[PDB]
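Asker: Below is the file query-v7.txt, with compact mmCIF, N, CA and C atoms and all ligand atoms.
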```
# COMPACT_ATOMS: atom_id res chain seq x y z
N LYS A 1 -64.68 41.91 16.17
CA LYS A 1 -65.97 41.20 16.33
C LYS A 1 -65.64 39.72 16.38
N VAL A 2 -66.30 38.98 17.25
CA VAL A 2 -66.24 37.52 17.24
C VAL A 2 -67.55 37.02 16.64
N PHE A 3 -67.43 36.31 15.52
CA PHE A 3 -68.57 35.72 14.84
C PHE A 3 -68.95 34.39 15.47
N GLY A 4 -70.23 34.05 15.34
CA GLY A 4 -70.65 32.68 15.50
C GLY A 4 -70.44 31.87 14.22
N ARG A 5 -70.49 30.54 14.35
CA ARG A 5 -70.22 29.64 13.23
C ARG A 5 -71.17 29.88 12.05
N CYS A 6 -72.48 29.78 12.29
CA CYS A 6 -73.44 29.96 11.20
C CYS A 6 -73.50 31.42 10.76
N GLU A 7 -73.31 32.35 11.69
CA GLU A 7 -73.23 33.76 11.33
C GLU A 7 -72.14 33.98 10.30
N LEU A 8 -70.96 33.41 10.54
CA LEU A 8 -69.86 33.58 9.61
C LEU A 8 -70.10 32.82 8.32
N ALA A 9 -70.66 31.61 8.41
CA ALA A 9 -70.95 30.84 7.20
C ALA A 9 -71.83 31.65 6.26
N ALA A 10 -72.86 32.30 6.79
CA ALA A 10 -73.74 33.11 5.96
C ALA A 10 -73.00 34.30 5.35
N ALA A 11 -72.15 34.97 6.14
CA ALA A 11 -71.39 36.09 5.59
C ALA A 11 -70.44 35.63 4.49
N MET A 12 -69.78 34.50 4.69
CA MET A 12 -68.89 33.97 3.66
C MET A 12 -69.65 33.56 2.40
N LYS A 13 -70.84 32.98 2.56
CA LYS A 13 -71.64 32.61 1.41
C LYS A 13 -72.04 33.84 0.63
N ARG A 14 -72.40 34.91 1.33
CA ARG A 14 -72.83 36.15 0.68
C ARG A 14 -71.72 36.72 -0.21
N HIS A 15 -70.49 36.42 0.16
CA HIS A 15 -69.31 36.88 -0.57
C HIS A 15 -68.76 35.84 -1.55
N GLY A 16 -69.55 34.81 -1.88
CA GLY A 16 -69.21 33.90 -2.95
C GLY A 16 -68.16 32.87 -2.64
N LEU A 17 -67.93 32.54 -1.36
CA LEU A 17 -66.87 31.59 -1.05
C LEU A 17 -67.27 30.12 -1.21
N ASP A 18 -68.56 29.78 -1.25
CA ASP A 18 -68.90 28.37 -1.42
C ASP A 18 -68.40 27.88 -2.77
N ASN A 19 -67.51 26.89 -2.73
CA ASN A 19 -66.89 26.29 -3.89
C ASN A 19 -65.93 27.23 -4.60
N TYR A 20 -65.54 28.34 -3.97
CA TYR A 20 -64.56 29.22 -4.61
C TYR A 20 -63.23 28.47 -4.70
N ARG A 21 -62.66 28.50 -6.02
CA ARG A 21 -61.49 27.66 -6.18
C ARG A 21 -61.84 26.20 -5.83
N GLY A 22 -63.01 25.75 -5.90
CA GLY A 22 -63.33 24.36 -5.64
C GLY A 22 -63.48 23.98 -4.19
N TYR A 23 -63.30 24.92 -3.26
CA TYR A 23 -63.34 24.65 -1.83
C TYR A 23 -64.73 24.96 -1.28
N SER A 24 -65.39 23.93 -0.77
CA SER A 24 -66.72 24.06 -0.22
C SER A 24 -66.72 25.03 0.97
N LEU A 25 -67.90 25.58 1.25
CA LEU A 25 -68.03 26.59 2.30
C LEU A 25 -67.46 26.14 3.63
N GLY A 26 -67.64 24.88 4.00
CA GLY A 26 -67.14 24.43 5.29
C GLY A 26 -65.63 24.54 5.42
N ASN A 27 -64.90 24.43 4.31
CA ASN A 27 -63.46 24.66 4.35
C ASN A 27 -63.13 26.06 4.86
N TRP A 28 -63.85 27.05 4.36
CA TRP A 28 -63.58 28.44 4.72
C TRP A 28 -63.95 28.73 6.16
N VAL A 29 -65.07 28.16 6.63
CA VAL A 29 -65.47 28.31 8.02
C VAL A 29 -64.45 27.64 8.94
N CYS A 30 -64.04 26.42 8.59
CA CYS A 30 -63.03 25.71 9.37
C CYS A 30 -61.72 26.49 9.41
N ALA A 31 -61.31 27.04 8.28
CA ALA A 31 -60.08 27.82 8.26
C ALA A 31 -60.18 28.99 9.23
N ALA A 32 -61.29 29.72 9.20
CA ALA A 32 -61.44 30.86 10.11
C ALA A 32 -61.44 30.40 11.56
N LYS A 33 -62.09 29.28 11.86
CA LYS A 33 -62.11 28.78 13.23
C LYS A 33 -60.70 28.57 13.75
N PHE A 34 -59.86 27.90 12.96
CA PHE A 34 -58.54 27.52 13.47
C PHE A 34 -57.48 28.58 13.23
N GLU A 35 -57.70 29.50 12.30
CA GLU A 35 -56.77 30.61 12.12
C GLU A 35 -56.98 31.69 13.18
N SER A 36 -58.23 32.06 13.46
CA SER A 36 -58.51 33.23 14.28
C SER A 36 -59.52 32.98 15.39
N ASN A 37 -60.09 31.78 15.48
CA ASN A 37 -61.20 31.53 16.39
C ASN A 37 -62.35 32.50 16.14
N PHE A 38 -62.58 32.82 14.86
CA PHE A 38 -63.70 33.65 14.42
C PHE A 38 -63.59 35.12 14.86
N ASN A 39 -62.38 35.58 15.16
CA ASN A 39 -62.11 36.92 15.69
C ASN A 39 -61.55 37.81 14.58
N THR A 40 -62.34 38.82 14.17
CA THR A 40 -61.90 39.69 13.08
C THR A 40 -60.71 40.56 13.43
N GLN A 41 -60.39 40.71 14.72
CA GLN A 41 -59.26 41.53 15.15
C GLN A 41 -58.02 40.70 15.51
N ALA A 42 -58.02 39.40 15.24
CA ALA A 42 -56.86 38.58 15.58
C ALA A 42 -55.62 39.09 14.87
N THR A 43 -54.50 39.14 15.59
CA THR A 43 -53.21 39.43 14.97
C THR A 43 -52.15 38.57 15.64
N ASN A 44 -51.24 38.06 14.85
CA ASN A 44 -50.19 37.24 15.37
C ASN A 44 -48.88 37.57 14.66
N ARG A 45 -47.88 37.95 15.43
CA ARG A 45 -46.57 38.26 14.89
C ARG A 45 -45.78 36.98 14.63
N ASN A 46 -44.86 37.07 13.67
CA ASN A 46 -44.02 35.95 13.24
C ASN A 46 -42.55 36.31 13.37
N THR A 47 -41.69 35.27 13.38
CA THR A 47 -40.26 35.50 13.56
C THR A 47 -39.65 36.31 12.43
N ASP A 48 -40.23 36.26 11.23
CA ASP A 48 -39.66 36.97 10.08
C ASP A 48 -40.03 38.45 10.05
N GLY A 49 -40.65 38.97 11.12
CA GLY A 49 -41.04 40.36 11.17
C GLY A 49 -42.38 40.65 10.54
N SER A 50 -43.03 39.65 9.97
CA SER A 50 -44.37 39.80 9.44
C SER A 50 -45.39 39.56 10.54
N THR A 51 -46.64 39.90 10.23
CA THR A 51 -47.77 39.70 11.12
C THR A 51 -48.90 39.17 10.26
N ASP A 52 -49.71 38.29 10.87
CA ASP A 52 -50.92 37.77 10.26
C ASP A 52 -52.13 38.51 10.82
N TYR A 53 -53.03 38.94 9.94
CA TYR A 53 -54.11 39.86 10.28
C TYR A 53 -55.49 39.29 10.00
N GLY A 54 -56.36 39.40 11.00
CA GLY A 54 -57.78 39.27 10.80
C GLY A 54 -58.30 37.84 10.85
N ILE A 55 -59.57 37.73 10.44
CA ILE A 55 -60.37 36.50 10.51
C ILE A 55 -59.71 35.35 9.79
N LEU A 56 -58.97 35.63 8.72
CA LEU A 56 -58.27 34.62 7.94
C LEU A 56 -56.75 34.77 8.03
N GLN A 57 -56.25 35.54 8.99
CA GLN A 57 -54.82 35.56 9.32
C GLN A 57 -53.95 35.72 8.07
N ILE A 58 -54.19 36.83 7.39
CA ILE A 58 -53.53 37.17 6.14
C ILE A 58 -52.18 37.84 6.43
N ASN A 59 -51.13 37.34 5.77
CA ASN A 59 -49.75 37.67 6.10
C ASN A 59 -49.26 38.95 5.42
N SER A 60 -48.48 39.74 6.17
CA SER A 60 -47.99 41.04 5.73
C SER A 60 -46.67 40.98 4.95
N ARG A 61 -46.07 39.81 4.77
CA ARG A 61 -44.92 39.71 3.87
C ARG A 61 -45.38 39.53 2.43
N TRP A 62 -46.44 38.76 2.20
CA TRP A 62 -46.87 38.48 0.84
C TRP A 62 -48.08 39.28 0.39
N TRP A 63 -49.05 39.49 1.27
CA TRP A 63 -50.42 39.76 0.83
C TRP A 63 -50.91 41.17 1.12
N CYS A 64 -50.73 41.67 2.33
CA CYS A 64 -51.18 43.01 2.68
C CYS A 64 -49.99 43.84 3.16
N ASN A 65 -50.13 45.16 3.11
CA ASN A 65 -49.06 46.08 3.49
C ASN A 65 -49.34 46.64 4.88
N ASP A 66 -48.43 46.38 5.83
CA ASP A 66 -48.53 46.96 7.16
C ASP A 66 -47.43 47.97 7.45
N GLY A 67 -46.60 48.29 6.46
CA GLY A 67 -45.60 49.33 6.61
C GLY A 67 -44.42 48.99 7.48
N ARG A 68 -44.36 47.79 8.08
CA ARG A 68 -43.28 47.45 8.99
C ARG A 68 -42.66 46.09 8.69
N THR A 69 -43.00 45.47 7.56
CA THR A 69 -42.56 44.11 7.28
C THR A 69 -41.49 44.10 6.20
N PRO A 70 -40.29 43.65 6.47
CA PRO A 70 -39.26 43.52 5.44
C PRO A 70 -39.72 42.58 4.34
N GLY A 71 -39.45 42.96 3.10
CA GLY A 71 -39.76 42.11 1.96
C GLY A 71 -41.20 42.12 1.52
N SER A 72 -41.96 43.15 1.88
CA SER A 72 -43.39 43.16 1.61
C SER A 72 -43.67 43.19 0.11
N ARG A 73 -44.60 42.35 -0.33
CA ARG A 73 -45.01 42.31 -1.73
C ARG A 73 -46.42 42.85 -1.99
N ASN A 74 -47.27 42.90 -0.97
CA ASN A 74 -48.61 43.49 -1.07
C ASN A 74 -49.40 43.01 -2.29
N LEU A 75 -49.46 41.69 -2.46
CA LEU A 75 -50.08 41.13 -3.64
C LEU A 75 -51.60 41.31 -3.66
N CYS A 76 -52.23 41.52 -2.50
CA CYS A 76 -53.65 41.87 -2.47
C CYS A 76 -53.91 43.36 -2.65
N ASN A 77 -52.86 44.18 -2.68
CA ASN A 77 -52.98 45.62 -2.82
C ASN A 77 -53.98 46.18 -1.81
N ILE A 78 -53.69 45.96 -0.53
CA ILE A 78 -54.60 46.37 0.54
C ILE A 78 -53.78 46.65 1.79
N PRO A 79 -54.06 47.73 2.53
CA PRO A 79 -53.43 47.89 3.85
C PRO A 79 -53.91 46.81 4.80
N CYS A 80 -52.99 46.28 5.61
CA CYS A 80 -53.38 45.23 6.54
C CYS A 80 -54.44 45.70 7.53
N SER A 81 -54.46 47.01 7.86
CA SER A 81 -55.44 47.47 8.84
C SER A 81 -56.87 47.24 8.35
N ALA A 82 -57.08 47.25 7.03
CA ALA A 82 -58.41 47.00 6.49
C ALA A 82 -58.86 45.57 6.75
N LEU A 83 -57.92 44.68 7.02
CA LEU A 83 -58.24 43.29 7.29
C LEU A 83 -58.62 43.05 8.74
N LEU A 84 -58.72 44.11 9.55
CA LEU A 84 -59.14 44.05 10.94
C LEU A 84 -60.54 44.65 11.13
N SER A 85 -61.27 44.84 10.05
CA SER A 85 -62.62 45.38 10.09
C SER A 85 -63.61 44.34 10.61
N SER A 86 -64.76 44.82 11.08
CA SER A 86 -65.80 43.91 11.53
C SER A 86 -66.54 43.24 10.37
N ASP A 87 -66.56 43.87 9.21
CA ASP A 87 -67.12 43.30 7.98
C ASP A 87 -65.99 42.60 7.22
N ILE A 88 -66.25 41.37 6.75
CA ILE A 88 -65.19 40.51 6.22
C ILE A 88 -64.82 40.78 4.77
N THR A 89 -65.43 41.79 4.12
CA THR A 89 -65.26 41.97 2.67
C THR A 89 -63.80 42.00 2.25
N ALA A 90 -62.98 42.86 2.87
CA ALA A 90 -61.60 43.02 2.41
C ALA A 90 -60.82 41.73 2.60
N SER A 91 -61.05 41.03 3.72
CA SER A 91 -60.37 39.76 3.95
C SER A 91 -60.79 38.71 2.92
N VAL A 92 -62.07 38.67 2.56
CA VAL A 92 -62.52 37.70 1.56
C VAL A 92 -61.91 38.01 0.20
N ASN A 93 -61.87 39.28 -0.18
CA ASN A 93 -61.33 39.61 -1.49
C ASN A 93 -59.85 39.26 -1.59
N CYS A 94 -59.11 39.45 -0.49
CA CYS A 94 -57.70 39.05 -0.49
C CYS A 94 -57.56 37.53 -0.43
N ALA A 95 -58.39 36.85 0.36
CA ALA A 95 -58.35 35.39 0.41
C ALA A 95 -58.57 34.76 -0.97
N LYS A 96 -59.45 35.35 -1.78
CA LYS A 96 -59.66 34.83 -3.13
C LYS A 96 -58.38 34.91 -3.96
N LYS A 97 -57.60 35.98 -3.78
CA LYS A 97 -56.32 36.07 -4.47
C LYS A 97 -55.30 35.08 -3.91
N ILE A 98 -55.28 34.91 -2.59
CA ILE A 98 -54.34 33.98 -1.96
C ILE A 98 -54.56 32.56 -2.47
N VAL A 99 -55.82 32.10 -2.47
CA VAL A 99 -56.12 30.71 -2.82
C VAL A 99 -55.87 30.43 -4.29
N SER A 100 -55.74 31.47 -5.10
CA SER A 100 -55.49 31.33 -6.52
C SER A 100 -53.99 31.22 -6.85
N UNK A 101 -53.12 31.63 -5.95
CA UNK A 101 -51.64 31.64 -6.20
C UNK A 101 -50.97 30.33 -6.52
N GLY A 102 -51.05 30.75 -2.96
CA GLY A 102 -50.44 29.97 -1.90
C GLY A 102 -50.68 28.48 -2.04
N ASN A 103 -50.90 28.01 -3.27
CA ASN A 103 -51.21 26.61 -3.55
C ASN A 103 -52.51 26.22 -2.85
N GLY A 104 -53.59 26.75 -3.40
CA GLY A 104 -54.89 26.51 -2.82
C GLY A 104 -54.94 26.99 -1.38
N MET A 105 -55.73 26.27 -0.58
CA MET A 105 -55.92 26.67 0.81
C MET A 105 -54.74 26.30 1.70
N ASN A 106 -53.71 25.64 1.16
CA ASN A 106 -52.52 25.34 1.95
C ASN A 106 -51.83 26.59 2.45
N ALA A 107 -52.14 27.75 1.86
CA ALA A 107 -51.64 29.03 2.34
C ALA A 107 -52.02 29.28 3.80
N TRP A 108 -53.08 28.66 4.28
CA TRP A 108 -53.55 28.78 5.67
C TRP A 108 -53.05 27.55 6.41
N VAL A 109 -51.99 27.73 7.20
CA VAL A 109 -51.37 26.59 7.88
C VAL A 109 -52.35 25.90 8.83
N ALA A 110 -53.22 26.68 9.51
CA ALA A 110 -54.19 26.05 10.41
C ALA A 110 -55.19 25.19 9.64
N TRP A 111 -55.62 25.65 8.46
CA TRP A 111 -56.48 24.83 7.62
C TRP A 111 -55.77 23.54 7.20
N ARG A 112 -54.51 23.67 6.79
CA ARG A 112 -53.75 22.53 6.32
C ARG A 112 -53.69 21.43 7.37
N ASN A 113 -53.45 21.83 8.61
CA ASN A 113 -53.30 20.89 9.72
C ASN A 113 -54.56 20.40 10.44
N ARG A 114 -55.57 21.25 10.48
CA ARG A 114 -56.72 21.04 11.35
C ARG A 114 -58.04 20.88 10.60
N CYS A 115 -58.05 21.11 9.29
CA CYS A 115 -59.24 21.00 8.47
C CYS A 115 -59.08 20.01 7.33
N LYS A 116 -58.00 20.13 6.57
CA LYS A 116 -57.77 19.25 5.44
C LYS A 116 -57.75 17.80 5.92
N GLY A 117 -58.45 16.94 5.19
CA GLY A 117 -58.54 15.54 5.55
C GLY A 117 -59.69 15.19 6.47
N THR A 118 -60.50 16.17 6.87
CA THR A 118 -61.68 15.95 7.70
C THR A 118 -62.94 16.33 6.94
N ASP A 119 -64.09 15.91 7.47
CA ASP A 119 -65.39 16.21 6.87
C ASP A 119 -65.78 17.63 7.25
N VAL A 120 -65.31 18.59 6.45
CA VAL A 120 -65.51 20.00 6.77
C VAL A 120 -66.94 20.46 6.56
N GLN A 121 -67.78 19.68 5.88
CA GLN A 121 -69.19 20.04 5.76
C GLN A 121 -69.84 20.21 7.13
N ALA A 122 -69.32 19.51 8.15
CA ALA A 122 -69.88 19.66 9.48
C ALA A 122 -69.86 21.10 9.96
N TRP A 123 -68.96 21.92 9.41
CA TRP A 123 -68.85 23.31 9.83
C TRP A 123 -70.03 24.17 9.39
N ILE A 124 -70.78 23.76 8.36
CA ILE A 124 -71.98 24.49 7.94
C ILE A 124 -73.26 23.75 8.28
N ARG A 125 -73.16 22.55 8.83
CA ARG A 125 -74.33 21.71 9.04
C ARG A 125 -75.31 22.37 9.99
N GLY A 126 -76.59 22.39 9.61
CA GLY A 126 -77.63 22.95 10.45
C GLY A 126 -77.74 24.46 10.40
N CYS A 127 -76.92 25.12 9.60
CA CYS A 127 -77.04 26.56 9.43
C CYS A 127 -78.12 26.88 8.39
N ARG A 128 -78.82 27.98 8.63
CA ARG A 128 -79.87 28.44 7.71
C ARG A 128 -79.22 29.40 6.73
N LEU A 129 -78.78 28.84 5.59
CA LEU A 129 -77.95 29.54 4.62
C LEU A 129 -78.64 29.73 3.27
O1 LIG B 201 -76.20 37.92 13.87
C1 LIG B 201 -75.95 36.84 14.58
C2 LIG B 201 -75.40 36.94 15.86
BR1 LIG B 201 -75.03 38.64 16.59
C3 LIG B 201 -75.14 35.79 16.61
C4 LIG B 201 -75.40 34.51 16.10
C5 LIG B 201 -75.16 33.34 16.81
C6 LIG B 201 -74.16 33.22 17.87
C7 LIG B 201 -74.32 32.26 18.87
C8 LIG B 201 -73.38 32.13 19.89
BR2 LIG B 201 -73.65 30.86 21.24
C9 LIG B 201 -72.23 32.94 19.90
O2 LIG B 201 -71.34 32.82 20.85
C10 LIG B 201 -72.06 33.89 18.88
BR3 LIG B 201 -70.54 35.00 18.85
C11 LIG B 201 -73.01 34.02 17.87
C12 LIG B 201 -76.09 32.18 16.53
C13 LIG B 201 -77.44 32.34 16.83
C14 LIG B 201 -78.35 31.34 16.58
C15 LIG B 201 -77.94 30.15 16.01
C16 LIG B 201 -76.61 29.97 15.68
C17 LIG B 201 -75.67 30.97 15.94
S1 LIG B 201 -73.98 30.68 15.47
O3 LIG B 201 -73.99 29.40 14.74
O4 LIG B 201 -73.63 31.79 14.61
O5 LIG B 201 -73.19 30.63 16.68
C18 LIG B 201 -75.97 34.43 14.82
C19 LIG B 201 -76.22 35.58 14.06
BR4 LIG B 201 -76.95 35.39 12.35
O1 LIG B 202 -79.61 38.08 15.08
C1 LIG B 202 -79.93 36.93 14.54
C2 LIG B 202 -79.73 35.74 15.23
BR1 LIG B 202 -78.98 35.78 16.96
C3 LIG B 202 -80.07 34.51 14.65
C4 LIG B 202 -80.62 34.45 13.36
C5 LIG B 202 -80.98 33.23 12.75
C6 LIG B 202 -81.04 31.95 13.45
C7 LIG B 202 -81.64 31.84 14.70
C8 LIG B 202 -81.70 30.61 15.36
BR2 LIG B 202 -82.52 30.53 17.05
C9 LIG B 202 -81.15 29.46 14.76
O2 LIG B 202 -81.19 28.32 15.39
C10 LIG B 202 -80.56 29.55 13.50
BR3 LIG B 202 -79.83 28.01 12.66
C11 LIG B 202 -80.52 30.79 12.85
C12 LIG B 202 -81.11 33.14 11.25
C13 LIG B 202 -79.96 33.28 10.46
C14 LIG B 202 -80.03 33.14 9.08
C15 LIG B 202 -81.25 32.89 8.47
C16 LIG B 202 -82.40 32.73 9.24
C17 LIG B 202 -82.34 32.85 10.63
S1 LIG B 202 -83.84 32.67 11.58
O3 LIG B 202 -83.83 31.29 12.06
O4 LIG B 202 -83.73 33.65 12.65
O5 LIG B 202 -84.91 32.97 10.65
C18 LIG B 202 -80.82 35.66 12.67
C19 LIG B 202 -80.48 36.89 13.26
BR4 LIG B 202 -80.76 38.51 12.35
CL CL B 203 -69.10 15.67 12.52
```
Re-express the file's structure as structure tokens.
Answerer:
Amino acid sequence: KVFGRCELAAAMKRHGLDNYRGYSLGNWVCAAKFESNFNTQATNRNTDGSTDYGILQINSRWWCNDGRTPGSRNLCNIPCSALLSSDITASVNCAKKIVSXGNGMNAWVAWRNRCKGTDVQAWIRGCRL
């Protein structure tokens, strides 16, 4: 599923992400925009044999189990395929564990580069939340 901006903001709010770990809702929307372009089925392979899965591009070496990644730790205790669902619940629950570890939201390289240091509130502005 490809979400719209405010559509996703509302879904993330419903799952308690506003100010989770101190990160305002716009941070999470911005992260999804630049990690996956709001696409719940996004997948991207990496040189280390891992793959990043879903709306928040959750990695299969540390966080989810995809059965094919050397060194898998499965710290979210979730199969990676569940992170490709149209409903964001499993991805949000794993993201809450990631942000509590991957040194806050720096675990999301696209957020680090393309969101951090900008006025991320613009990502929720004008949404009926
Ligand atoms: O249940 C839904 C569904 Br279905 C779609 C959308 C939207 C939308 C708009 C475009 Br344009 C787009 O390309 C996509 Br995908 C979705 C949308 C609609 C009105 C205002 C803002 C948005 S937006 O801020 O969410 O974009 C909102 C909800 Br709620
Ligand atoms: O399937 C949809 C689609 Br598509 C759009 C919308 C909404 C919406 C629509 C427009 Br237009 C807009 O500019 C904005 Br912002 C939000 C909406 C979202 C959350 C709360 C209230 C509305 S409400 O405004 O519809 O009451 C709800 C459903 Br369900
Ligand atoms: Cl702006």
Asker: Using the file's own x, y and z axes, so that the box edges lie along x, y and z, what centre and edge lengths in Å (one decimal) does a box around every listed atom of ligand LIG 202 (chain B) get when 8 Å is added on each side? Give it as JSON.
Answerer:
```
{"center_x": -81.9, "center_y": 33.3, "center_z": 12.8, "size_x": 21.9, "size_y": 26.5, "size_z": 24.6}
```
Asker: Would you please give, as a list in words, all residues of segment 47-110 of chain A that DSSP assigns to alpha helix (DSSP H) based on the backbone?
Answerer: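 DSSP-assigned alpha helix (DSSP H) residues in segment 47-110 of chain A: residues 89, 90, 91, 92, 93, 94, 95, 96, 97, 98, 99, 100, 109 and 110 of chain A.
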Asker: Can I get the residues close to ligand CL 203 (chain B) as a list in words, where close means within 8 Å and we count only N, CA and C atoms and all ligand atoms?
Answerer: residues 119, 120, 121, 122 and 123 of chain A
Asker: Tell me which protein, DNA and RNA residues are within 8 Å of residue 128 of chain A, counting all atoms listed in the file, leaving out same-chain ones fewer than 5 positions away, and put them as a list in words.
Answerer: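 Near neighbours after the sequence-gap exclusion: residues 6, 7, 9 and 10 of chain A.
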Asker: Do you have, as JSON lines, the list of residues of chain A lying at most 6.5 Å from ligand LIG 202 (chain B), each with its nearest atom pair and that distance in Å to one decimal, counting only N, CA and C atoms and all ligand atoms and ordered by chain then number?
Answerer:
```
{"residue": "A:126", "atom": "C", "partner": "B:LIG202", "partner_atom": "BR3", "distance": 4.7}
{"residue": "A:127", "atom": "CA", "partner": "B:LIG202", "partner_atom": "BR3", "distance": 4.5}
{"residue": "A:128", "atom": "N", "partner": "B:LIG202", "partner_atom": "BR3", "distance": 4.2}
{"residue": "A:129", "atom": "N", "partner": "B:LIG202", "partner_atom": "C15", "distance": 5.5}
```
Asker: Can you tell me which residues sit at most 6.5 Å away from ligand LIG 201 (chain B), counting only N, CA and C atoms and all ligand atoms, written as a list in words?
Answerer: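 Here is the list of contacting residues: residues 2, 3, 4, 5, 6, 7 and 8 of chain A.
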Asker: List the spatial neighbours of segment 93-109 of chain A as a short mmCIF file (atom, residue, chain, number, x, y, z; two decimals) with N, CA and C atoms, in the frame of the given file - criterion: any atom at most 7 Å away, only N, CA and C atoms, same-chain residues fewer than 4 positions off excluded.
Answerer:
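Writing done, so here's out-v4.cif:
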```cif
data_model
loop_
_atom_site.label_atom_id
_atom_site.label_comp_id
_atom_site.auth_asym_id
_atom_site.auth_seq_id
_atom_site.Cartn_x
_atom_site.Cartn_y
_atom_site.Cartn_z
N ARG A 21 -62.66 28.50 -6.02
CA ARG A 21 -61.49 27.66 -6.18
C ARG A 21 -61.84 26.20 -5.83
N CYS A 76 -52.23 41.52 -2.50
CA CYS A 76 -53.65 41.87 -2.47
C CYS A 76 -53.91 43.36 -2.65
N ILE A 88 -66.25 41.37 6.75
CA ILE A 88 -65.19 40.51 6.22
C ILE A 88 -64.82 40.78 4.77
N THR A 89 -65.43 41.79 4.12
CA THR A 89 -65.26 41.97 2.67
C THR A 89 -63.80 42.00 2.25
N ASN A 113 -53.45 21.83 8.61
CA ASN A 113 -53.30 20.89 9.72
C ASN A 113 -54.56 20.40 10.44
N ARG A 114 -55.57 21.25 10.48
CA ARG A 114 -56.72 21.04 11.35
C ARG A 114 -58.04 20.88 10.60
#
```
Asker: Can you pull out every residue within 8 Å of residue 42 of chain A, counting only N, CA and C atoms, but drop anything in the same chain fewer than 4 positions away, and send it as an NGL selection string?
Answerer: :A and (1 or 35-38 or 52-58 or 83-84)
Asker: From chain A, collect each residue whose DSSP state is strand (DSSP E) and return the set as a count of residues only.
Answerer: 8
Asker: I want to know what sits within 8 Å of residue 116 of chain A, based on only N, CA and C atoms, with residues of the same chain fewer than 6 positions away left out; could you give that as a list in words?
Answerer: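 Answer for this query is residues 27, 30, 31 and 110 of chain A.
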Asker: Which one is closest to residue 48 of chain A: A:15, A:70, A:28, A:87? Count only N, CA and C atoms.
Answerer: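 Selected residue with least distance to residue 48 of chain A: A:70.
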Asker: Atom N of residue 19 of chain A to atom C of residue 62 of chain A: how many Å, to one decimal?
Answerer: 23.3 Å
Asker: Show me, as number ranges by chain, the residues that have an atom within 7 Å of residue 72 of chain A when counting only C-alpha atoms, minus same-chain residues fewer than 5 positions from it.
Answerer: A: 60-62, 65
Asker: Using only N, CA and C atoms, please write the residues we just selected to a file, as a JSON list (two decimals), in the coordinates of the input.
Answerer:
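Saved as selection_33.json:
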```json
[["chain", "number", "residue", "atom", "x", "y", "z"],
["A", 60, "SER", "N", -48.48, 39.74, 6.17],
["A", 60, "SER", "CA", -47.99, 41.04, 5.73],
["A", 60, "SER", "C", -46.67, 40.98, 4.95],
["A", 61, "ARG", "N", -46.07, 39.81, 4.77],
["A", 61, "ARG", "CA", -44.92, 39.71, 3.87],
["A", 61, "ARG", "C", -45.38, 39.53, 2.43],
["A", 62, "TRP", "N", -46.44, 38.76, 2.20],
["A", 62, "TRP", "CA", -46.87, 38.48, 0.84],
["A", 62, "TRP", "C", -48.08, 39.28, 0.39],
["A", 65, "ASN", "N", -50.13, 45.16, 3.11],
["A", 65, "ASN", "CA", -49.06, 46.08, 3.49],
["A", 65, "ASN", "C", -49.34, 46.64, 4.88]]
```
